[PDB]
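Visitor: One structure is given below, represented as structure tokens, and several questions about it will come after.
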Number of protein chains: 2
Amino acid sequence: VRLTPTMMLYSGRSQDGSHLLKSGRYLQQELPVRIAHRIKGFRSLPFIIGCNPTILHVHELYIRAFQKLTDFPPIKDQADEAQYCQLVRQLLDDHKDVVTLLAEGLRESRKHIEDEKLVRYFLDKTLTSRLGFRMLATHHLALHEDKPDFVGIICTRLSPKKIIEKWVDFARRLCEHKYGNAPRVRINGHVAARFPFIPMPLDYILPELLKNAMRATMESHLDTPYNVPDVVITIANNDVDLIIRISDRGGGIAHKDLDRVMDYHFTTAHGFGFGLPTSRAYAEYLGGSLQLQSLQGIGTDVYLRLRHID
Amino acid sequence: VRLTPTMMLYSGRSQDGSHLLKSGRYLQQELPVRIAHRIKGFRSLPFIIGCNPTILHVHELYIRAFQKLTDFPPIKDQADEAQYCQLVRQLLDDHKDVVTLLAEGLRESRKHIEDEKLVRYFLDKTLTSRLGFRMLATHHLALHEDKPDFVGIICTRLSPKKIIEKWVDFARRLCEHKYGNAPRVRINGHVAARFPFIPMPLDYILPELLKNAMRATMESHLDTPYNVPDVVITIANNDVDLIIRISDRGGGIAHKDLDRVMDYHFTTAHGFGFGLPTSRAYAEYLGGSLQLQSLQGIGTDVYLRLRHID
Ligand SMILES: Nc1ncnc2c1ncn2[C@@H]1O[C@H](COP(=O)(O)OP(=O)(O)O)[C@@H](O)[C@H]1O
Ligand SMILES: Nc1ncnc2c1ncn2[C@@H]1O[C@H](COP(=O)(O)OP(=O)(O)O)[C@@H](O)[C@H]1O
Ligand SMILES: O=C(O)c1sc2cc(Cl)ccc2c1Cl
Ligand SMILES: O=C(O)c1sc2cc(Cl)ccc2c1Cl
Ligand SMILES: [K+]
Ligand SMILES: [K+]
Ligand SMILES: [Mg+2]
Ligand SMILES: [Mg+2]
């Protein structure tokens, strides 16, 4: 019965599999309405934006998704549900490039309107409903599996340190490939903490912020790539939220860029311009936040806050 | 000709002392108008607040100050100016307890109105005009002196590290007296920096924040007062501003208190409740800011930003 924003992830067990049917019907009740909501969003886009071929592509994908979902017969038995799972999987696969297509689509078309507020509002709303969609969908699929410490996509005892480490190794590799080195990362504060949590949003955000911190460190120690300052991560765990402070000595975000870094499409180039604003939208959708503190000339502290599960 | 908020501190020299006369006339032109502005502020206070004996005391002090200032004859020669200096000194002495009297005065009387916004607005405005007053006045007096590296109260080559150190020693002493120990303080980033700057606002703010950070550290290591985590201060110096990050491992500001810590009179007790909101008002008056980042369960980062001199 664990819930986030007006939407619940179904926590429940049964040896026969009656939990699968109620979950499946929930998705069948929930998904279509929300795709429809996002189709209106496409219909309300400024005409010249909505006309861009890629914007239209994604537009069509969303209609197709609605069509397929509503055409599916109401679920009554395991064999129905099992086959609905096939459709959910197909949809996930089909829609995996959507963020990128949206980025490409809006890149040019966005300058052609005077209303700056509109695209931000559209992306925030589209991308966050989509996260909610992938969460709900991946959860249902995961409910089939019998993995240790997981009720669906909900880890019962998640380790912030362990997940940070997963993404550190990843980001370091990428950085080594581009620069020949990467900063070491140290992790302090509540390194021993374990609690119920959904990893998925951490899996988008963490690598984004790690990417940014590593780039900035390297791009400001171009004379000594072999010796760079560590990035330092602090985990704080309390009864209300989890806070992860990612703090670097990469020179800061310049005063001139400060007001634009949270803008979609804005970048100083790991070069697409979506890391910061997507991450923030995700965090706020989940009831937390993402806040920057620039120390121009020294570095940046990035604060990720996510609410605990009720 | 160095200026801050619609007001200029006079930078100039002369062996005969013609710079003193123009400065004196400036003060004579400026102070009265601004005292008058603050008298209206007293006149507009909710009646039941304005009636409190201490509030009235300060009210009278401001009238007396206006009376004395406007009664002073226009300045024409050194001997005039010299005597105006005596009056400025007297006013400074007379008004030194004003913040405290205001705190005592408003403590009870403030609950008696429904408008929470009003007292904050009154204090911010009164206390910041007063800082501007003491700055202008102390500057003029200082212009008599011939100290190295000082044009008035404007240090020509101020060292952030050195001023932080001054206030560290101070705060540590206070903390040792109360707890039997204090955290060591380390200072990193641009420790070698020197630039023109006015120390005065740093002299109010720095000890306030150092006080808060030391208390929190001790009040959360009550089992090991002999061994506490360091407070760590980071100086960043760029072309736009000076940033001083004061960061502690004192457990954070709790979610419940977070919205109230910037309120005048609010405190969890070094016990008066004015440190944070006064400091922030001062910083914003000077064109910078003061921002908190709580890591509940771990500690707090406090970010002080002050603009450089034009
Ligand atoms: N830790 C950081 N240090 C310095 N600059 C940063 C940091 N994080 C983000 N930025 C700046 O803000 C911009 C926006 O970042 P983002 O939205 O992730 O897009 P991208 O990283 O693809 O440019 C970056 O291009 C970079 O200029
Ligand atoms: N570094 C800090 N760590 C923990 N709590 C703090 C810190 N700074 C301020 N606070 C909290 O916010 C309150 C407001 O501080 P302030 O305005 O300086 O008043 P006072 O220190 O007199 O209580 C403090 O009482 C304390 O509870
Ligand atoms: O945009 C996406 O990634 C997804 S995944 C997904 C899964 C389902 Cl079951 C329905 C819609 C939908 C969308 Cl839209
Ligand atoms: O409130 C204060 O501290 C001061 S000092 C001060 C000095 C002068 Cl010259 C005039 C007013 C004035 C006030 Cl009000
Ligand atoms: K961006
Ligand atoms: K306070
Ligand atoms: Mg990025
Ligand atoms: Mg205080």
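Residue numbers in this text run from 1 along the chain shown.
Cβ atoms here come from the backbone N, Cα and C positions, even for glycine.
Sharing the feature lines straight out of Swiss-Prot:
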MOD_RES   A:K125  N6-acetyllysine
MOD_RES   A:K166  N6-acetyllysine
BINDING   A:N212, A:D248, A:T267, A:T268, A:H270, A:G273, A:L276  ATP binding site
BINDING   A:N212  Mg(2+) binding site
BINDING   A:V261, A:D263, A:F266, A:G273  K(+) binding site
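Thinking about packing and proximity, how do these listed features fit into the structure?
Guide: For the recorded site, A:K125 (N6-acetyllysine), the DSSP three-state label reads helix.
Look at A:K166 (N6-acetyllysine): DSSP puts it in a helix.
A coil conformation is recorded for A:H270 (ATP binding site) in the three-state DSSP classification, outside any helix or strand. Around A:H270 (ATP binding site), taking its Cβ as the centre, 14 other Cβ atoms fall within 10 Å, counting all chains.
There are 23 other CB atoms within 10 A of the CB of A:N212 (ATP binding site), with all protein chains counted.
The Cβ of A:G273 (ATP binding site) has 18 other Cβ atoms within 10 Å, all protein chains considered.
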Visitor: Where 27 intervening residues lack coordinates, what is the integer distance in angstrom between the Cα of A:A269 and that of A:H270?
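Guide: Logged value, Cα of A:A269 to Cα of A:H270: 8 Å.
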Visitor: If you count other Cβ atoms within 10 Å of each one's Cβ, which of the binding-site residues A:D248, A:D263 has the most?
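Guide: The most densely surrounded of these binding-site residues is A:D248.
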Visitor: Would you mind reading off the Cα separation of A:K125 (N6-acetyllysine) from A:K166 (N6-acetyllysine), to the nearest angstrom?
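Guide: A Cα-Cα distance of 29 Å.
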Visitor: Please give the greatest C-alpha separation between any two of the ATP-binding residues A:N212, A:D248, A:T267, A:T268, A:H270, A:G273, A:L276, in angstrom, as a whole number.
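Guide: Of all Cα pairs among the recorded ATP binders, the widest measures 19 Å.
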Visitor: Quick one: pull the CA-CA distance for A:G273 (ATP binding site) versus A:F266 (K(+) binding site), whole Å only.
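Guide: Approximately 5 Å lies between the Cα of A:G273 (ATP binding site) and that of A:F266 (K(+) binding site).
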Visitor: Listed recorded positions are A:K125, A:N212, A:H270; which sit with C-beta under 6 angstroms of ligand 8?
Guide: none
Visitor: C-alpha of A:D263 (K(+) binding site) to C-alpha of A:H270 (ATP binding site): distance in Å?
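Guide: Taking the Cα atoms only, A:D263 (K(+) binding site) lies 15 Å from A:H270 (ATP binding site).
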Visitor: If you count the other Cβ atoms within 10 Å of each Cβ, which of the binding-site residues A:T267, A:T268 comes out on top?
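Guide: When each Cβ's neighbours within 10 Å are tallied, A:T267 leads.
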